[PDB]
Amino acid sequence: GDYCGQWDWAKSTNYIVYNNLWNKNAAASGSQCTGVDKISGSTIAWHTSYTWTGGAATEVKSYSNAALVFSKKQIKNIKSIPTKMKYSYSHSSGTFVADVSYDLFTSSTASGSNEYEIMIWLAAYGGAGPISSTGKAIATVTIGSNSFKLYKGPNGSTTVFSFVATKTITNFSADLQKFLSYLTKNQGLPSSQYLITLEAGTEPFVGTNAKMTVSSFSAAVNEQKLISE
């Protein structure tokens, strides 16, 4: 059965699926429910459905997501982060502003507070755009079969990097360590940072009778054979 509470969630050996209606009060009206559909090995299928209208149209209202459960590692010691995400997204006609995105966080300790954030937008709808100090991409980088414009800006004391795919991706397959290593080699992301959070879901701004169905999601963090503390 679905769960619609602001902070509802369901735990699995490898994933936690959150409803996470953390900014629901910025909308004038609406609600959102999330549910888990299957769990086969390290692959999970889940979905979320919502309506959010009015209020602060520019603000993320929620971020239902599947979050990986994993041993935290410093980026310098991560060999690979293989991930897959296949989804569909429907809604009713009219205003629809949202994104499908991975959300990763790093800290200086495995248990520390967020210091850097790395988003990967597989889809941006109705003009949704990431945090950007300048309002302009700082780079265009191709990873695997997809091209991404890179944005950068603050969120409090957090530095937020957002890769935005140049074409919508509905069937994603990538090694996210390539994204982190691009940032450590080119954008000043410290390789001593611990990867502490890896999730994938959707950020709605405005939408009616919307439903994202994640037909399959998986992620894993793999460490190098030689660890340097």
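Quick note: we count residues from 1 along the sequence shown, nothing fancier.
- Higher mean CA B-factor, judged across 187-195 and 34-42 from the recorded values: 34-42.
- Higher mean CA temperature factor, per the PDB entry, when comparing 115-123 with 90-98: 90-98.
- Among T83, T142, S108, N155, the highest C-alpha B-factor in the deposited entry belongs to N155.
- Each of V160, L176, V164, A56 has a CA temperature factor in the record; the biggest one is found at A56.
- Remark: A28 belongs to the highest third of its chain, ranked by C-alpha B-factor as recorded.
- Looking at the C-alpha B-factors along this chain, the one for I131 belongs to the middle third.
- For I138, the recorded CA B-factor ranks within the highest third of the chain. Only modelled residues enter the ranking.
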